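What follows is a single structure, written as structure tokens, with notes after it.
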Amino acid sequence: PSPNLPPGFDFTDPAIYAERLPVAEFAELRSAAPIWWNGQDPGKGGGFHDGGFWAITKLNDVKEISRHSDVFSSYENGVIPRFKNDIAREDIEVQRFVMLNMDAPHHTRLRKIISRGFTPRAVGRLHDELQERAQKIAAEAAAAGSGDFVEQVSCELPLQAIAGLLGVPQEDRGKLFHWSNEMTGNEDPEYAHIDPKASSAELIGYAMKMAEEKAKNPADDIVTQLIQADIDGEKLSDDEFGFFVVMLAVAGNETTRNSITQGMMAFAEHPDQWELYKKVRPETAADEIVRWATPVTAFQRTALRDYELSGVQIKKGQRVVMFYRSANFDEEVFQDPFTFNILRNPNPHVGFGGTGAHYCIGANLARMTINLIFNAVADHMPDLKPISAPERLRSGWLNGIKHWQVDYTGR
Ligand code: HEM
Ligand SMILES: COC(=O)c1cccc(-c2ccncc2)c1
Ligand SMILES: COC(=O)c1cccc(-c2ccncc2)c1
């Protein structure tokens, strides 16, 4: 029996996500068609013109695709499953210059070098300064009495995480943050005038300038470890470091921001959990926040050969779209998936992707950013209560909140 969905329903349809998360639709697929052909009419495939894709809705299937990188390619069509319908193919393939959209062995070499910048020591060295700024962010917001939680609480700390990871001087962080903000949301009317391409170019130019300067003055930021050759001569060229900085500016910003915003939306909806958090400050909360937020609704892969997955024949060349939003609520993996439980432990969510070659390198940095900001929110604005409904972001694969008016004082 076919799944009870509207005819022509596209799970990457930005017009859906601008209003709601299609939670019931995902649940219907999990029950009636866990791997389902998502057809797309001509010119309505968000940049891809192959007629549709396989909607992947079960956690285990998401994990199987993520593990079998040899079959399910990121490079072939990139991992973002939706752009503007009119995007030029070359503007998709230019994104192959970032680690996210590479296959082995190119990806293998790159992740090995980049790993130097995300060692636990490198991230943990940001703990104290981010905790400081986190406390300052919440106190300044709380003093304002009320405002947009997205902008006064959620936005800054992720941007400062990136800046501190790269050693960007404070005088440059403004433009870094603007470049980062200019690379997501171009399908939402509020961001119709942003130019992700131009900001990428400028960012590359800034990053390459930074690489040659950090070569003359070996600091202790990751930049020196990345452009310094190891015993086998492996390092990032100046342009390779340019693309890595582009990768960081886009990845390190809005996903964590929307985790924070939707973490708090969850807390306002689940007072018992908010109360529990304020007393125990459990760090397991960060993972339940990411599972609940699933800031990346979906990433895609392209099959390099015929492959049978859970009884369905994936054909060579076809796209499979991993709906993390569905997998993170898989009744077969989670006890009470639709209960918000900040003590959930273990929490094998795929908010950071399925385990495999492309698993989020910023996972523990994002977790630390979330734990720090929610401790600060708990310290400074514990009686926060919302004022109006969040404004959702029009995107086909990102789960975003543009705005959320909250009373920080509590009334
Ligand atoms: C809550 C915040 C975040 C979420 C939800 C998230 C989500 C994801 C997901 C789902 C993947 C898997 C990609 C795939 O398998 O195709 C991924 C990979 C990646 N993440 Fe994140 N991420 C977050 C934070 C960050 C941060 C803070 C950084 C950098 C500071 C970062 C950098 C990356 C990179 C570079 C990759 C690609 C790694 C590779 O291809 O080897 N992410 N992320
Ligand atoms: C928003 O897309 C990107 O994140 C991206 C990724 C890789 C490369 C480029 C790029 C390279 C050269 N010129 C313009 C853009 C952009
Ligand atoms: C080419 O990449 C992107 O345009 C992009 C845009 C938004 C978010 C992310 C992201 C965030 C966290 N982890 C991995 C990727 C990437």
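By order of appearance in the structure tokens: chains A, B, ..., then residues from 1 within every chain, and ligands from 1 in the order shown.
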For residue 409 (chain A), please output as a ChimeraX atom specification all residues within 7 Å (counting only C-alpha atoms; exclusion window: fewer than 6 positions along the same chain).
/A:142,145,381,383-384
Just write the chosen residues, N, CA, C and O atoms, as a PDB file, in the first residue's frame.
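This is the output file part28.pdb:
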ATOM      1  N   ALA A 142      19.858  39.268  28.694  1.00  0.00           N
ATOM      2  CA  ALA A 142      18.944  39.349  29.828  1.00  0.00           C
ATOM      3  C   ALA A 142      18.731  40.793  30.266  1.00  0.00           C
ATOM      4  O   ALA A 142      17.626  41.168  30.678  1.00  0.00           O
ATOM      5  N   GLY A 145      15.950  42.710  28.618  1.00  0.00           N
ATOM      6  CA  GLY A 145      14.573  42.421  29.011  1.00  0.00           C
ATOM      7  C   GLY A 145      13.837  41.509  28.063  1.00  0.00           C
ATOM      8  O   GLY A 145      13.267  40.500  28.487  1.00  0.00           O
ATOM      9  N   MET A 381      19.024  34.008  32.497  1.00  0.00           N
ATOM     10  CA  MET A 381      17.619  34.172  32.113  1.00  0.00           C
ATOM     11  C   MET A 381      16.856  32.879  32.379  1.00  0.00           C
ATOM     12  O   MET A 381      16.237  32.301  31.480  1.00  0.00           O
ATOM     13  N   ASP A 383      14.053  32.276  33.844  1.00  0.00           N
ATOM     14  CA  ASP A 383      12.602  32.356  33.734  1.00  0.00           C
ATOM     15  C   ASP A 383      12.146  32.800  32.349  1.00  0.00           C
ATOM     16  O   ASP A 383      10.985  33.190  32.179  1.00  0.00           O
ATOM     17  N   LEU A 384      13.041  32.751  31.366  1.00  0.00           N
ATOM     18  CA  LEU A 384      12.691  32.956  29.967  1.00  0.00           C
ATOM     19  C   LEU A 384      11.353  32.315  29.631  1.00  0.00           C
ATOM     20  O   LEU A 384      11.097  31.159  29.976  1.00  0.00           O
TER      21      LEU A 384
END
Residues near residue 130 (chain A), anyone? I mean within 9 Å using only C-alpha atoms, not counting same-chain ones fewer than 3 positions away, as a PyMOL selection string.
chain A and resi 126-127+133-135+157+160-161+164+368-369+372-373
Which residues, written as JSON, numbers by chain, have at least one atom at most 7 Å from region 236-240 of chain A, with only C-alpha atoms counted and residues fewer than 6 positions away on the same chain left out?
{"A": [208, 211, 226, 227]}
Next, the residues of the selection above should be written as a PDB file, in the first residue's frame with N, CA and C atoms.
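What landed in out-v7.pdb:
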ATOM      1  N   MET A 208      43.432  32.931   2.296  1.00  0.00           N
ATOM      2  CA  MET A 208      44.755  32.765   1.700  1.00  0.00           C
ATOM      3  C   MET A 208      45.716  33.828   2.216  1.00  0.00           C
ATOM      4  N   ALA A 211      46.746  32.568   5.512  1.00  0.00           N
ATOM      5  CA  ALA A 211      47.668  31.438   5.468  1.00  0.00           C
ATOM      6  C   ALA A 211      49.109  31.907   5.311  1.00  0.00           C
ATOM      7  N   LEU A 226      47.851  23.328  10.165  1.00  0.00           N
ATOM      8  CA  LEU A 226      47.286  22.903   8.889  1.00  0.00           C
ATOM      9  C   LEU A 226      48.240  23.165   7.730  1.00  0.00           C
ATOM     10  N   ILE A 227      48.900  24.329   7.724  1.00  0.00           N
ATOM     11  CA  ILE A 227      49.780  24.698   6.620  1.00  0.00           C
ATOM     12  C   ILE A 227      51.228  24.312   6.874  1.00  0.00           C
TER      13      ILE A 227
END
Tell me which protein, DNA and RNA residues are within 6 Å of residue 394 (chain A), counting only C-alpha atoms, leaving out same-chain ones fewer than 5 positions away, and put them as a PyMOL selection string.
chain A and resi 14+17-18+188
Please, could you write that set of residues out with C-alpha atoms as an mmCIF file, in the first residue's frame?
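What landed in out_2.cif:
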data_model
loop_
_atom_site.group_PDB
_atom_site.id
_atom_site.type_symbol
_atom_site.label_atom_id
_atom_site.label_comp_id
_atom_site.auth_asym_id
_atom_site.auth_seq_id
_atom_site.Cartn_x
_atom_site.Cartn_y
_atom_site.Cartn_z
ATOM 1 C CA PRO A 14 11.372 24.448 0.979
ATOM 2 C CA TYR A 17 9.948 23.818 5.991
ATOM 3 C CA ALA A 18 9.170 27.546 5.947
ATOM 4 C CA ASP A 188 14.100 32.484 2.024
#
Of the residues A:173, A:68, A:63, A:197, which is the one nearest to ligand 2, using only C-alpha atoms and all ligand atoms?
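Comparing A:173, A:68, A:63, A:197 against ligand 2, the winner is A:197.
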Using only C-alpha atoms and all ligand atoms, which protein or nucleic acid residues are at most 9 Å from ligand 2, as number ranges by chain?
A: 91-99, 101, 182-184, 195-202, 204, 242-244, 246-247, 249-251
Got time to write the residues from that selection, N, CA, C and O atoms, as a CSV table (one decimal), in the first residue's frame?
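The resulting selection_27.csv:
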chain,number,residue,atom,x,y,z
A,91,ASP,N,27.8,25.5,-10.5
A,91,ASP,CA,27.7,26.1,-9.1
A,91,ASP,C,27.5,25.0,-8.1
A,91,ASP,O,27.7,25.2,-6.9
A,92,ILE,N,27.0,23.8,-8.5
A,92,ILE,CA,27.0,22.6,-7.6
A,92,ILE,C,28.4,22.0,-7.6
A,92,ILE,O,28.8,21.6,-6.5
A,93,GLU,N,29.1,21.8,-8.7
A,93,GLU,CA,30.3,21.1,-8.7
A,93,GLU,C,31.5,22.0,-8.1
A,93,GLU,O,32.4,21.4,-7.6
A,94,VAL,N,31.3,23.3,-8.1
A,94,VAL,CA,32.3,24.1,-7.4
A,94,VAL,C,32.4,23.7,-5.9
A,94,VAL,O,33.4,23.9,-5.2
A,95,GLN,N,31.3,23.2,-5.3
A,95,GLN,CA,31.3,22.8,-3.9
A,95,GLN,C,32.0,21.6,-3.7
A,95,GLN,O,32.2,21.2,-2.5
A,96,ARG,N,32.5,20.9,-4.7
A,96,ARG,CA,33.4,19.7,-4.5
A,96,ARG,C,34.7,20.1,-3.9
A,96,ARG,O,35.5,19.2,-3.6
A,97,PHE,N,35.0,21.4,-3.9
A,97,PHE,CA,36.3,21.8,-3.3
A,97,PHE,C,36.4,21.9,-1.8
A,97,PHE,O,37.4,22.2,-1.3
A,98,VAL,N,35.3,21.5,-1.2
A,98,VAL,CA,35.2,21.4,0.3
A,98,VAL,C,35.2,20.0,0.7
A,98,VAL,O,34.6,19.1,0.0
A,99,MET,N,35.8,19.6,1.8
A,99,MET,CA,35.9,18.3,2.3
A,99,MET,C,34.6,17.6,2.3
A,99,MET,O,34.5,16.4,1.9
A,101,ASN,N,32.2,17.4,0.4
A,101,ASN,CA,31.7,16.9,-0.9
A,101,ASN,C,32.8,16.2,-1.7
A,101,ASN,O,32.8,16.1,-2.9
A,182,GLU,N,26.4,35.0,5.1
A,182,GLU,CA,25.9,35.3,3.7
A,182,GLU,C,25.9,34.0,2.9
A,182,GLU,O,25.7,34.1,1.7
A,183,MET,N,26.0,32.8,3.5
A,183,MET,CA,26.1,31.6,2.7
A,183,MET,C,25.0,30.6,3.0
A,183,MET,O,25.1,29.4,2.6
A,184,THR,N,23.9,31.0,3.6
A,184,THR,CA,22.8,30.1,3.9
A,184,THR,C,21.5,30.9,3.8
A,184,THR,O,21.5,32.0,4.3
A,195,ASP,N,24.6,36.7,-1.5
A,195,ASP,CA,25.3,36.1,-2.6
A,195,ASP,C,26.3,35.1,-2.0
A,195,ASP,O,27.5,35.5,-1.7
A,196,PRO,N,26.0,33.9,-1.8
A,196,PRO,CA,26.9,32.9,-1.3
A,196,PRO,C,28.2,32.8,-2.1
A,196,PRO,O,29.3,32.6,-1.5
A,197,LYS,N,28.1,32.9,-3.4
A,197,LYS,CA,29.3,32.8,-4.2
A,197,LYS,C,30.3,33.9,-4.0
A,197,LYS,O,31.5,33.6,-3.8
A,198,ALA,N,29.8,35.1,-4.0
A,198,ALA,CA,30.7,36.2,-3.8
A,198,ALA,C,31.4,36.2,-2.4
A,198,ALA,O,32.6,36.5,-2.3
A,199,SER,N,30.6,35.8,-1.4
A,199,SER,CA,31.2,35.8,-0.1
A,199,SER,C,32.2,34.6,0.1
A,199,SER,O,33.2,34.8,0.8
A,200,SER,N,31.9,33.5,-0.6
A,200,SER,CA,32.9,32.4,-0.7
A,200,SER,C,34.2,32.9,-1.3
A,200,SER,O,35.3,32.7,-0.7
A,201,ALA,N,34.2,33.7,-2.4
A,201,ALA,CA,35.4,34.2,-3.0
A,201,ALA,C,36.1,35.1,-2.0
A,201,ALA,O,37.3,34.9,-1.8
A,202,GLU,N,35.4,36.1,-1.5
A,202,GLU,CA,36.1,37.0,-0.5
A,202,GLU,C,36.7,36.3,0.6
A,202,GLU,O,37.8,36.6,1.1
A,204,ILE,N,37.7,33.1,0.7
A,204,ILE,CA,38.9,32.5,0.2
A,204,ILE,C,40.1,33.5,0.2
A,204,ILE,O,41.2,33.2,0.7
A,242,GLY,N,42.0,28.0,2.1
A,242,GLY,CA,40.9,28.8,1.7
A,242,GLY,C,39.6,28.1,1.7
A,242,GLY,O,38.6,28.6,2.3
A,243,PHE,N,39.5,26.9,1.1
A,243,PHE,CA,38.3,26.1,1.0
A,243,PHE,C,37.9,25.6,2.4
A,243,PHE,O,36.8,25.4,2.7
A,244,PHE,N,38.9,25.2,3.2
A,244,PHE,CA,38.6,24.8,4.6
A,244,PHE,C,38.0,25.9,5.4
A,244,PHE,O,37.0,25.6,6.2
A,246,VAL,N,36.2,28.3,4.2
A,246,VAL,CA,34.8,28.4,3.7
A,246,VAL,C,34.0,27.2,4.3
A,246,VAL,O,32.9,27.5,4.7
A,247,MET,N,34.6,26.0,4.4
A,247,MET,CA,33.9,24.9,5.0
A,247,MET,C,33.5,25.3,6.5
A,247,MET,O,32.4,25.0,6.9
A,249,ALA,N,33.2,28.3,7.9
A,249,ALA,CA,32.3,29.5,8.1
A,249,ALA,C,30.8,29.0,7.9
A,249,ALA,O,29.9,29.5,8.5
A,250,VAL,N,30.6,28.1,6.9
A,250,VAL,CA,29.2,27.7,6.6
A,250,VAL,C,28.8,26.6,7.7
A,250,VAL,O,27.7,26.6,8.1
A,251,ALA,N,29.7,25.7,8.0
A,251,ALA,CA,29.3,24.6,8.9
A,251,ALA,C,29.3,25.0,10.3
A,251,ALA,O,28.4,24.5,11.1
Which polymer residues have any atom within 6 Å of an atom of region 298-309 of chain A, counting only C-alpha atoms, with same-chain residues fewer than 2 positions away left out, as a PyMOL selection string?
chain A and resi 71-74+79-81+296+311-324+397
Within 7 Å of ligand 1, counting only C-alpha atoms and all ligand atoms, which protein or nucleic acid residues do you find, written as a VMD selection string?
chain A and resid 66 74 79 99 to 101 107 111 158 162 247 to 248 251 to 253 255 to 256 259 290 294 to 296 299 to 300 350 to 354 357 to 363 365 to 366
May I have the residues from that selection written out with N, CA, C and O atoms, as a short mmCIF file (atom, residue, chain, number, x, y, z; two decimals), in the first residue's frame?
data_model
loop_
_atom_site.label_atom_id
_atom_site.label_comp_id
_atom_site.auth_asym_id
_atom_site.auth_seq_id
_atom_site.Cartn_x
_atom_site.Cartn_y
_atom_site.Cartn_z
N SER A 66 25.99 5.85 5.27
CA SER A 66 27.12 6.63 5.73
C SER A 66 28.39 5.79 5.86
O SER A 66 29.49 6.30 5.63
N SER A 74 29.66 11.20 -2.03
CA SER A 74 29.36 12.60 -1.76
C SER A 74 29.78 13.51 -2.90
O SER A 74 29.12 14.52 -3.16
N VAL A 79 26.41 16.76 -1.33
CA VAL A 79 25.54 16.21 -0.30
C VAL A 79 24.33 17.07 -0.02
O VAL A 79 23.39 16.60 0.65
N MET A 99 35.83 19.65 1.82
CA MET A 99 35.92 18.28 2.31
C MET A 99 34.58 17.57 2.29
O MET A 99 34.50 16.38 1.94
N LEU A 100 33.51 18.26 2.69
CA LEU A 100 32.20 17.63 2.81
C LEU A 100 31.81 16.90 1.53
O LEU A 100 31.18 15.83 1.58
N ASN A 101 32.19 17.44 0.37
CA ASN A 101 31.75 16.93 -0.92
C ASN A 101 32.84 16.16 -1.66
O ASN A 101 32.82 16.10 -2.89
N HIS A 107 39.37 12.89 -0.19
CA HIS A 107 38.81 13.19 1.12
C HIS A 107 39.68 12.63 2.24
O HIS A 107 39.84 13.26 3.29
N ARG A 111 40.90 15.03 5.28
CA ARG A 111 40.46 14.88 6.66
C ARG A 111 41.62 14.60 7.60
O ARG A 111 41.61 15.03 8.75
N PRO A 158 28.55 30.39 18.40
CA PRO A 158 29.12 29.57 17.32
C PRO A 158 30.10 30.34 16.45
O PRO A 158 31.16 29.82 16.08
N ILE A 162 34.21 29.51 15.84
CA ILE A 162 34.97 29.50 14.59
C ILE A 162 36.14 30.46 14.69
O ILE A 162 37.29 30.12 14.38
N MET A 247 34.56 26.04 4.37
CA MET A 247 33.86 24.93 5.01
C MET A 247 33.51 25.26 6.45
O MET A 247 32.40 24.96 6.91
N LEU A 248 34.43 25.89 7.19
CA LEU A 248 34.15 26.19 8.59
C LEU A 248 33.09 27.28 8.74
O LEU A 248 32.19 27.16 9.57
N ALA A 251 29.72 25.72 8.02
CA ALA A 251 29.33 24.60 8.86
C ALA A 251 29.26 24.98 10.33
O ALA A 251 28.40 24.47 11.06
N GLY A 252 30.15 25.85 10.79
CA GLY A 252 30.25 26.12 12.21
C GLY A 252 29.25 27.11 12.75
O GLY A 252 29.27 27.40 13.95
N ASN A 253 28.36 27.63 11.90
CA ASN A 253 27.54 28.77 12.29
C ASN A 253 26.08 28.39 12.48
O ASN A 253 25.63 28.19 13.61
N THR A 255 24.05 25.77 11.83
CA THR A 255 23.59 24.51 12.42
C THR A 255 23.61 24.58 13.94
O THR A 255 22.64 24.19 14.61
N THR A 256 24.71 25.07 14.52
CA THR A 256 24.77 25.19 15.97
C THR A 256 23.78 26.23 16.47
O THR A 256 23.12 26.02 17.50
N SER A 259 20.45 24.70 16.64
CA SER A 259 20.41 23.80 17.79
C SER A 259 20.05 24.56 19.06
O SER A 259 19.18 24.14 19.82
N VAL A 290 20.47 18.34 19.99
CA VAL A 290 20.79 18.17 18.58
C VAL A 290 19.85 17.16 17.94
O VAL A 290 19.41 17.34 16.79
N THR A 294 17.78 18.46 15.03
CA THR A 294 18.28 17.96 13.75
C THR A 294 18.49 19.13 12.79
O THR A 294 17.77 19.27 11.79
N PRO A 295 19.47 20.00 13.07
CA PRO A 295 19.64 21.21 12.24
C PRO A 295 19.84 20.91 10.77
O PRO A 295 19.41 21.71 9.92
N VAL A 296 20.49 19.80 10.42
CA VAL A 296 20.57 19.34 9.04
C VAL A 296 19.46 18.32 8.88
O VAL A 296 19.56 17.18 9.34
N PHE A 299 21.02 15.12 4.29
CA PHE A 299 22.10 15.14 3.32
C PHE A 299 21.91 13.98 2.36
O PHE A 299 21.27 12.97 2.69
N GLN A 300 22.47 14.10 1.16
CA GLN A 300 22.29 13.10 0.12
C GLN A 300 23.60 12.40 -0.21
O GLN A 300 24.69 12.84 0.17
N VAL A 350 21.73 10.69 14.79
CA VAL A 350 22.53 10.95 13.60
C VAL A 350 22.41 12.42 13.22
O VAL A 350 22.52 12.79 12.04
N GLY A 351 22.17 13.27 14.22
CA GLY A 351 22.19 14.71 13.97
C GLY A 351 23.53 15.18 13.42
O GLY A 351 23.58 16.14 12.65
N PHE A 352 24.61 14.51 13.81
CA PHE A 352 25.94 14.79 13.27
C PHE A 352 26.28 13.87 12.11
O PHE A 352 27.46 13.74 11.76
N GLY A 353 25.28 13.24 11.50
CA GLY A 353 25.49 12.29 10.44
C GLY A 353 25.56 10.86 10.95
O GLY A 353 25.65 10.59 12.15
N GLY A 354 25.48 9.92 10.01
CA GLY A 354 25.82 8.56 10.33
C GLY A 354 27.32 8.40 10.51
O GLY A 354 28.12 9.15 9.94
N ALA A 357 33.10 8.04 7.13
CA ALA A 357 34.21 8.88 6.72
C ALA A 357 33.91 10.36 6.88
O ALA A 357 34.84 11.16 7.07
N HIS A 358 32.64 10.76 6.80
CA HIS A 358 32.27 12.16 6.79
C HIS A 358 31.62 12.61 8.10
O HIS A 358 31.02 13.69 8.14
N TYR A 359 31.73 11.83 9.17
CA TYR A 359 31.12 12.21 10.43
C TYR A 359 31.63 13.57 10.89
O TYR A 359 32.83 13.87 10.80
N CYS A 360 30.71 14.39 11.38
CA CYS A 360 31.00 15.77 11.76
C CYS A 360 32.27 15.88 12.59
O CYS A 360 32.36 15.32 13.69
N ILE A 361 33.25 16.62 12.07
CA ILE A 361 34.46 16.88 12.83
C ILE A 361 34.24 17.93 13.92
O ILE A 361 35.06 18.05 14.83
N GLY A 362 33.16 18.71 13.83
CA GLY A 362 32.88 19.72 14.83
C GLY A 362 31.85 19.29 15.85
O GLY A 362 31.25 20.13 16.53
N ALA A 363 31.65 17.97 15.99
CA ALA A 363 30.59 17.47 16.85
C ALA A 363 30.81 17.89 18.30
O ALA A 363 29.90 18.42 18.95
N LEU A 365 32.88 20.17 19.40
CA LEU A 365 32.87 21.63 19.48
C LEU A 365 31.45 22.16 19.53
O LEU A 365 31.15 23.08 20.30
N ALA A 366 30.55 21.59 18.73
CA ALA A 366 29.15 22.00 18.78
C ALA A 366 28.52 21.64 20.11
O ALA A 366 27.81 22.46 20.72
#
Using only C-alpha atoms and all ligand atoms, which of the listed residues (A:266, A:223, A:276, A:398) sits closest to ligand 3?
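With only C-alpha atoms and all ligand atoms as the atom set, the closest residue is A:398.
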Write down as number ranges by chain the residues of region 51-90 of chain A whose backbone DSSP state falls under strand (DSSP E).
A: 52-56, 72-73
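Shortest atom-to-atom contact with residue 13 (chain A) among A:405, A:395, A:131, A:186: A:395, counting only C-alpha atoms.
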How many Å lie between CA of residue 38 (chain A) and CA of residue 78 (chain A), rounded to one decimal?
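If I compute the distance from CA of residue 38 (chain A) to CA of residue 78 (chain A), I get 18.0 Å.
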